[PDB]
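> 3D, please:
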Amino acid sequence: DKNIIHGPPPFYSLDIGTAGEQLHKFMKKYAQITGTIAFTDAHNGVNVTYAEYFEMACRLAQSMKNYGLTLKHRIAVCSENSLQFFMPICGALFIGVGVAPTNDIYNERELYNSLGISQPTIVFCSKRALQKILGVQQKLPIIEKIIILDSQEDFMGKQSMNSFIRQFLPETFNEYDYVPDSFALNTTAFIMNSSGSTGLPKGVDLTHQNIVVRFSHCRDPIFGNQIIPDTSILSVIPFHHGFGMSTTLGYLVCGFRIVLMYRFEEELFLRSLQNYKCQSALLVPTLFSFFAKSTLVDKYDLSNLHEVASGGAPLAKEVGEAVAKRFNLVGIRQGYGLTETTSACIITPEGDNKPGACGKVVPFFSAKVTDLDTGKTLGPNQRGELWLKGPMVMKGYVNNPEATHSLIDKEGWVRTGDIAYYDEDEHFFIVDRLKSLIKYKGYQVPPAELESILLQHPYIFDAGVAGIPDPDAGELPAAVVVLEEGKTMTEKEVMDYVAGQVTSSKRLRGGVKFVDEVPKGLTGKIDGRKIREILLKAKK
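Residues are numbered from 1 along each chain as shown. Next comes the structure:
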């Protein structure tokens, strides 16, 4: 019981019905207020209203039903971020058809693998994805129909959404009389792609139950965004990412104006943030490093900007603080989660921002930190392995029971593979690694930097660096190294290589050990303690 950390009750009691039913209810409301904007394309300036989105979604839902799609079918969406992206997604959710968002820049192998897993009957794609989709269709006969998202009429012999609708929808159809289907909450809502360290991406099977819980969080005044009229958000998260899907769908539930970009550009981003008077900006992790460097932020009027949020992994405390200062904010709105957990399971509570913290456990969820050795449940300010448990946890990997049971134990705990601790206020901190610095006698800093140096070497494929401690005084930097295919190196060559890369005898002082693979990914990064043992055992 103790050391299990629980989220509080939701602010609002749970709505009834599927994700389609709840989504339909909100969209129908916003649709009847003319001029309410759902999506805005920053590159061409075009707006699409909730009225337009709602009507298209209902038409697509009934059209797909008439076409013959049922609970047993899936559709895929393959496209750059666009105004039309979520139209077939809303429609599919209305009728319980699973949706597989598919990376538009997948190579031929990755694309085939993704669609091979989701097995869609219809693929909605942009003009820019048509050729690659045509190619994969030759290999995947389950794909019976291709529909073009960003064309009004037929394009290259393929139907547009409008033409598809015209063929399969009677002229008696009234969008405001349409009623979404009712079905079991364990019905598949999405198949999202996620890669650990193990080769190719797997299919993450998210249920309607998963999604409606996200719908609770998204409009929660503490753990989401309070629904307020004329709220706009600029998002540069790929819609086919887990957090891209879960944040964007949530914004639709909230009735927000979602400003999107096909591709990130500094000027256009800042100009749009200013001119659309967005209250929030949602960024991918690597863009925080970017804006920490940006000098242009001050030259724009961002007086309406209330928050900058990370739509992905947790961020470094210093990078976050630097970006906060750039945008004249007290802190960054953060969240920790996995594709496998639908969305963020730990979120910065509104008005309760601690620097370096990824926030607090969300409603309906539980979290625990376990001893890296004993598996023992830990108290506050004790670093260990982070586990997550709750109703946003995926049904499982598609057709991969083994991978599922390796990640999720029999009681529903997800083994995140990340190291963390929580403080006395139950704020969680994700630590990247387990330590972070090996100390000479006074100081030396060789974490990821030495690893990066090692990775650049032609003969070196992978590498992990840890500190080796012994009664032999102090702490010596050491590394395990994965050589390339059929290549030869000595310990000295690796050491001398690093020696000629940094100063102060902070270049491997313990000893290099060659291995077949870097200790542990366990679906994530480097197992620092595993590395320490292997190197320690080697020293004698």
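> make it CA atoms for all contacts and neighbour counts henceforth
Will do.
> helices along the stretch 51-200 of the chain, start to end?
Taking DSSP state H, counting those that start in this stretch as the criterion, the stretch 51-200 of the chain contains helices spanning 87-95, 108-118, 130-137, 161-168.
> helices or strands up against the third one?
Same thing as helix 130-137. With contacts defined as 3 or more Cα pairs under 8 Å, 6 or more residues apart in numbering; DSSP states H and E, the packing partners of helix 130-137 are helix 108-118.
> care to break the chain down by domain?
What curated CATH domains lists as the domains of the chain is 1-12+352-430, 13-49+208-351, 50-207, 431-540.
> redo those domains as a markdown table? Include mean neighbour count.
Converted to a markdown table, the domains of the chain look like this (neighbours: other Cα atoms under 10 Å):
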| stretch | mean neighbour count |
| --- | --- |
| domain 1-12+352-430 | 18 |
| domain 13-49+208-351 | 20 |
| domain 50-207 | 20 |
| domain 431-540 | 17 |
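> possible to save the helices of the stretch 51-200 of the chain as a markdown table with distance to residue 48?
Below are the helices of the stretch 51-200 of the chain laid out as a markdown table (distance: least, Cα to Cα, whole Å):
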| stretch | distance to residue 48 |
| --- | --- |
| helix 87-95 | 11 |
| helix 108-118 | 29 |
| helix 130-137 | 23 |
| helix 161-168 | 15 |
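> minimum distance to residue 148: which of the ones you listed has it?
helix 161-168 (6.5 Å; Cα to Cα).
> sorry, back to before: which of the helices of the stretch 51-200 of the chain sits closest to residue 241?
In terms of Cα to Cα, the element of the helices of the stretch 51-200 of the chain nearest to residue 241 is helix 108-118, at 13.2 Å.
> next, the angle from the closest one to helix 130-137.
Between helix 108-118 and helix 130-137, the angle comes out at 60 degrees (axes from the mean of the first three to the mean of the last three Cα atoms, to 10 degrees).
> all numbers from here: first residue = 469
Let's use 469 as the start, then, which means that last one is helix 576-586.
> run the chain-centre distance for helix 576-586.
Mean-position distance between helix 576-586 and its chain equals 19 Å (Cα atoms, centre = their mean, to the nearest Å).
> same deal with stretch 486-504?
Remark: stretch 486-504 is offset 25 Å from the chain centroid, using Cα atoms, centre = their mean.
> ditto for stretch 677-686
Centroid separation for stretch 677-686 versus its chain: 15 Å, with Cα atoms, centre = their mean.
> what does stretch 858-871 give?
The gap between the average C-alpha position of stretch 858-871 and the chain average comes to 16 Å, counting by Cα atoms, centre = their mean.
> same thing with stretch 805-819?
Distance of stretch 805-819 from the chain centroid (Cα atoms, centre = their mean) equals 10 Å.
> ok, and what's touching that stretch?
660-662, 672, 674, 678-679, 682, 689-692, 709-711, 714-715, 780-781, 801-804, 822, 825-830, 833, 856, 860-862, 864, 884, 896 (Cα atoms under 8 Å, 6 or more residues apart in numbering).
> distance of residue 581 from residue 604?
10 Å (Cα to Cα, to the nearest Å).
> same question for residue 727.
Relative to residue 604, residue 727 is positioned 31 Å away (Cα to Cα).
> next: residue 698.
Per Cα to Cα, residue 698 is found 42 Å from residue 604.
> could you do residue 501 as well?
Taking Cα to Cα, one finds residue 501 at 42 Å from residue 604.
> cool, and residue 611?
Relative to residue 604, and taking Cα to Cα, residue 611 is found at 9 Å.
> now do the shared contacts for these two.
Shared contacts of residue 611 and residue 604 (Cα under 8 Å, 6+ apart): none.
> tell me how far the ends of stretch 786-804 are from each other?
The first and last residues of stretch 786-804 sit 17 Å apart, counting by Cα to Cα.
> can you tell me what sits against it?
Contacts for stretch 786-804 (Cα under 8 Å, 6+ apart): 756-757, 759-760, 762, 765-766, 770, 774-783, 812-816, 818, 821-827.
> go again using 6 Å as the cut-off
By Cα atoms under 6 Å, 6 or more residues apart in numbering, the list of residues contacting stretch 786-804 from outside reads 760, 776-778, 782, 812-816, 826.
> with stretch 746-755 instead?
700-705, 772-780.
> give me that answer again for 7 Å
699-705, 772-781, 783 (Cα atoms under 7 Å, 6 or more residues apart in numbering).
> do the same with stretch 856-868
Applying Cα under 7 Å, 6+ apart, the contact partners of stretch 856-868 are 585, 670-675, 677-678, 681, 808-810, 832-836, 871-872, 880-883.
> can you do 8 Å?
Contact with stretch 856-868 is made by 585-586, 654, 659, 670-675, 677-679, 681-682, 808-811, 813, 832-836, 871-872, 880-884, as judged by Cα under 8 Å, 6+ apart.
> thanks again, I'm all set now.
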